[PDB]
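Working notes, beginning with the structure itself.
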Amino acid sequence: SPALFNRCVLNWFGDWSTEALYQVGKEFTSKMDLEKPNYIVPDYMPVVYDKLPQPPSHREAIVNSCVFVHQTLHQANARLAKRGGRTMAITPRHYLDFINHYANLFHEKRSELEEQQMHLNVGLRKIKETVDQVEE
Amino acid sequence: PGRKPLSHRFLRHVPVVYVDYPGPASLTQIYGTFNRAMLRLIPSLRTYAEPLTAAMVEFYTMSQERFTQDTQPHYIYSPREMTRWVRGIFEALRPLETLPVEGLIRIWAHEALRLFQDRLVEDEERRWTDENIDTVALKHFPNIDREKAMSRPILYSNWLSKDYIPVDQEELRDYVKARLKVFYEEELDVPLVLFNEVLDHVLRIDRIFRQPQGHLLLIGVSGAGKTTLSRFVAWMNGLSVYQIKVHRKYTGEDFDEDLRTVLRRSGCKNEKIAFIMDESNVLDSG
Amino acid sequence: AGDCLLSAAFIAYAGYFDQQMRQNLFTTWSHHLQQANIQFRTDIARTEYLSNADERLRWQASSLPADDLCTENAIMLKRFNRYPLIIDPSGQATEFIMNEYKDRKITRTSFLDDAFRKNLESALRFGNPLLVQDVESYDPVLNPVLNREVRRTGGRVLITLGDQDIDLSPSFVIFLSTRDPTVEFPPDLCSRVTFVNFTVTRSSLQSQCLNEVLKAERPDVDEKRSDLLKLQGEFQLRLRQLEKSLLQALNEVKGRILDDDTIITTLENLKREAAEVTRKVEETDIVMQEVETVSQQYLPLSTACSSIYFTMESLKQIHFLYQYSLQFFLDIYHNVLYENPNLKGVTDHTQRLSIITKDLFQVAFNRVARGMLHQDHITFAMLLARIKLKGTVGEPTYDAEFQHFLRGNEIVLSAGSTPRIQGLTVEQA
Ligand SMILES: Nc1ncnc2c1ncn2[C@@H]1O[C@H](COP(=O)(O)OP(=O)(O)O)[C@@H](O)[C@H]1O
């Protein structure tokens, strides 16, 4: 409607840019433990042009991978619409859900691995005790 | 669209005339009268009223030459844009006093960005608009020194200080981070991160809310964050939010009733209203 | 971190896409994490990483088909943030999702009925699951629960629907379900749901046919591949469980030498089991190569199967009487694999494959042509001929010749049509 598009002030609030996606990725993945001192720095993979360090670290590389997979879904929809069609649009809410799934499943798997390792340690200590017992 | 041709049986009685958009001379006269009325608040800039209009008229002109409805449906321009321009400058100049021409053109450029630049889609059009703003400001006012147009931030906010003053980008970023902190605590538990353009649009929404204007139209993909930012800015400026929860058996008289509820609650009672609704709330052209 | 990212991207993004598109998306993501040196476990399988055996067995007992697509979709319905929107031509998904939520009294409704609101809030109060069909005519008052808006005031969560205010009861889940595969949802609804696609395609049917062949013809390849899938999660959980049994037994016995015989049998069984697992680990990539070789051997048959079935569905274009379902082709395929007189005593695997291919073509044509007009018999025969030509090796594709034969005879070359010899006539010329 030209009358409505003319009668007020119009603001183009487009889809989140790459920098916005990258900042969301950092802030929503801050609480998880992604520090890998022994991360061998690779080369290439330009997705976001303003990497905070020129050599990326583990956390920044993973957030870069998240923004890459979002861009990959965008490209997949573009290609699928080009060849035939039948495509549903992807919104930043999908990115938020992706990050939420990543965080929750990461905490779940890390916690179960710590539980298994702690059970392993308890078993080791108990078996050391029973070895002492059989020696006695 | 939504318009139906009149029957020839009835057109025979009624004469019709075409009132096109006012020409450059007519726009110049009308908005020069508005400017001359406006700048009498501060007598120090009365002599820069006619050229100020000329610059706005020229900017409107090449904004209309390009940006046709073929490029984008929302790319429409009317003297309504100019009246909002004048009203915004007047609202900004209302508290300002003994203002030199520096501030006059600073707010003029700010309003130019906030009317002819934020509605754009691609970056090239945005930079073309900014270049034209700078070029027109230099063309009509070449005695002014170049400290106002090259200011890239060029952002305003009443939040800091007491009246509408230019603010610093990072000094405003920290402030709005603190306010959004306090916000997510009160309603909207889901964390909100503050990046660059989200700061831009919250500033634009605040600017449109402060003026005695009627409506904000937000265009963008779903889930990007228009509604949450509108609610957040309404939270800052103390605007109550009324959301209409439509359904399948929703009818037009319900829209009439909650419309009149909004009008009474906004006019009979002085408390300000930010009435928010989406496409799902609209069903028919009524 | 890498495998977690891959799994999250799969369960959050890779919905509504057929198996080949999900696989390509996963391959692209894994290739990027390889470029980023992000340590993700190689050749990881998402079917059992996100789910151990128990709930797979429960889903199978809950009327769910054994497809990899259906397994991944059951994963998606199991772990979700946005409420799912199930797309399914058949009724298998709805039956599965009702049988899964029978204990928590899931209810049936749709958008069209006038009582949708009533049981909507009725399920909202008691935390009752709610499946609702016919998503095509979307209902807007479902918006504030899809957004999961929570007005928690006074130490208790609340929700607003229309002019009503309602108490949002925990353990409440809604599953949107549709029937028509070809529908275009608006972006506002698309953003609020995690799309789950059950539509069968060439990719999905190819996967089912290949899996069924590997189960029937070569059960040893099937057991080796199954062992490969269990190697990542299932064997380790069994190992931990029987380790816990060992620890409990040691505690109850307190390490008596008199009971050392019973305990040493358990530890020797433990050592044998561990040796078996390590032998599987040390022979893993050999097994992968062998399974890859067998899958490449049986690949053309599955492609032929998918092509034949989608040819059967396309037969409805000629005549309204040629409606065929996936169950018809599955019955044909089961008859060819098992009830085959030609496989009474054949033992050579390549010979068995060739006989299955030939008899599949024969039986499919025979069953379809029995209920098909006589003037159309040669058409479907030519279609199966094209399918074999695409599936056979050592022959050119004959794309240009077939294109001319089909539609290249309608091309503009009327200029220079010489009468030539008296035998040739104008249309012949
Ligand atoms: N800047 C942001 N940072 C984090 N999350 C955001 C931001 N903007 C929007 N969201 C998310 O979007 C959701 C609501 O989106 P909404 O405003 O309904 O989108 P739309 O206006 O397209 O309907 C919220 O749950 C919120 O988490």
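Every residue, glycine as well, gets a Cβ built from its backbone with ideal geometry; the counts of neighbours run over all protein chains shown. We did not get these values from a lab; they are worked out from the coordinates using the rules stated.
All told, A:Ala3 meets the bar of being within 12 Å of chain B (Cβ to nearest Cβ) and either exposed (fewer than 14 other Cβ atoms within 10 Å of the Cβ) or in contact with a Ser or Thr (Cβ under 6 Å, 6 or more places away or on another chain) (or both).
Each residue in region B:193-231 was checked for being more than 9 Å from the ligand (Cβ to nearest atom) and not β-branched (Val, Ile, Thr), and 18 of them qualify. In region A:27-48, of all residues being among the acidic types (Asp, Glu) and free of Cβ contacts under 8 Å to residues at least 12 places away in the same chain, the one that is surrounded by the most Cβ atoms within 10 Å (Cβ to Cβ) corresponds to A:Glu27. Answer yes if at least one residue in region B:7-14 is of a type outside the set (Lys, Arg) and either under 20 Å from B:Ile154 (Cα atoms) or within 14 Å of chain A (Cβ to nearest Cβ) (or both), and no otherwise. Checked against the condition, which is being of a type outside the set (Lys, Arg) and either under 20 Å from B:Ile154 (Cα atoms) or within 14 Å of chain A (Cβ to nearest Cβ) (or both), region B:7-14 yields no hits at all.
Quick one: count up the residues across region C:102-128 that are touching a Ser or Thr at 6+ places or on another chain (Cβ under 7 Å) and away from every other protein chain (no Cβ under 13 Å). Result for region C:102-128: 7. The helices (runs of 4 or more DSSP H) falling completely within region B:1-66 that include 2 or more residues that are in contact (Cβ under 8 Å) with a residue 24 or more places away in the chain map to B:24-38, B:50-65.
Selection over region A:11-26 of residues that are within 7 Å of chain B (Cβ to nearest Cβ) and buried (at least 20 other Cβ atoms within 10 Å of the Cβ) gives a count of 6.
Among residues of region A:67-84 that are over 19 Å from A:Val24 (Cβ atoms), those with a Cβ under 7 angstrom from a residue that is of a type in the set (S, T, N, Q), sequence gap 6+ or separate chain, pair up as A:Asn77/A:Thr87; A:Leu80/A:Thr87; A:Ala81/A:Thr87.
Number of residues in region C:107-122 that are surrounded by 13 or more Cβ atoms within 10 Å (Cβ to Cβ) and part of a helix (DSSP H, G or I) equals 6.
Please state which of the following conditions B:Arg119 fails to meet, knowing it meets all the rest: (1) within 19 Å of B:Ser151 (Cβ to Cβ); (2) in contact (Cβ under 8 Å) with a residue 24 or more places away in the chain; (3) under 20 Å from the mean Cα position of the chain (by Cα). Of (1) within 19 Å of B:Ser151 (Cβ to Cβ); (2) in contact (Cβ under 8 Å) with a residue 24 or more places away in the chain; (3) under 20 Å from the mean Cα position of the chain (by Cα), only one is false for B:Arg119: (1). Checked against the criterion of being more than 10 Å from the ligand (Cβ to nearest atom), surrounded by fewer than 20 Cβ atoms within 10 Å (Cβ to Cβ) and under 28 Å from A:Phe98 (Cβ atoms), the candidates B:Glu171, B:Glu185 yield just one match: B:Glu185. Screening region C:156-202 for strands (runs of 3 or more DSSP E) wholly inside it with 2 or more residues that are closer than 14 Å to C:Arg82 by Cα returns the ranges C:174-178, C:194-197. The set of residues from region C:124-155 being charged (D, E, K, R) and in a loop (DSSP other than H, G, I, E, B) comprises C:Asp134, C:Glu136, C:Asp139, C:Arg148, C:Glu149, C:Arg151, C:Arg152.
So for region C:93-104 (the condition being surrounded by fewer than 18 Cβ atoms within 10 Å (Cβ to Cβ), part of a helix (DSSP H, G or I) and within 16 Å of the ligand (Cβ to nearest atom)), does at least one residue qualify? Taking every residue of region C:93-104 in turn, none turns out to be surrounded by fewer than 18 Cβ atoms within 10 Å (Cβ to Cβ), part of a helix (DSSP H, G or I) and within 16 Å of the ligand (Cβ to nearest atom). Would you point out the residue of region B:244-277, among those that are within 16 Å of the ligand (Cβ to nearest atom) and buried (at least 17 other Cβ atoms within 10 Å of the Cβ), that is nearest to the chain's Cα centre (by Cα)? Checking each candidate, the answer is B:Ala274. A residue that is facing chain A (nearest Cβ under 10 Å), buried (at least 16 other Cβ atoms within 10 Å of the Cβ), assigned to a loop (DSSP other than H, G, I, E, B) and among the aliphatic types (A, V, I, L, M) cannot be found anywhere in region B:99-113. Evaluated against (1) crowded, with 17+ Cβ neighbours inside 10 Å; (2) within 14 Å of chain B (Cβ to nearest Cβ), A:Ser65 falls short on exactly one condition, (2). Among the residues making up region C:32-78, a single one is crowded, with 19+ Cβ neighbours inside 10 Å, under 17 Å from C:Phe235 (Cα atoms) and either of a type in the set (A, V, I, L, M, F, W, C) or away from chain A (no Cβ under 14 Å) (or both): C:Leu50. The requirement of being in contact with a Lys or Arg (Cβ under 6 Å, 6 or more places away or on another chain), in a helix (DSSP H, G or I) and not β-branched (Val, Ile, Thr) is satisfied by C:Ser306. Among (1) in a loop (DSSP other than H, G, I, E, B); (2) under 24 Å from C:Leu210 (Cα atoms), there is one condition C:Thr418 misses while meeting the rest; what is its number? With respect to (1) in a loop (DSSP other than H, G, I, E, B); (2) under 24 Å from C:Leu210 (Cα atoms), C:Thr418 is out only on (2).
Within region C:176-230, being among the charged types (D, E, K, R) and more than 27 Å from C:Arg352 (Cα to Cα) holds for C:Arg179, C:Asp180, C:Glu184, C:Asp188, C:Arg192, C:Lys230. Considering region B:232-241, the residues that are away from chain A (no Cβ under 14 Å) and within 16 Å of the ligand (Cβ to nearest atom) include one that is farthest from C:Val145 (Cα to Cα), namely B:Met236. Out of the residues in region A:73-107 that are within 20 Å of C:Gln23 (Cβ to Cβ) and among the β-branched types (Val, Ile, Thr), which is surrounded by the most Cβ atoms within 10 Å (Cβ to Cβ)? Restricting to residues being within 20 Å of C:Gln23 (Cβ to Cβ) and among the β-branched types (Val, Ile, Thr), the top hit is A:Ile90. Listed conditions (1) in contact (Cβ under 8 Å) with a residue 40 or more places away in the chain; (2) within 30 Å of C:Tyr138 (Cα to Cα) are all met by C:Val213, apart from (2).
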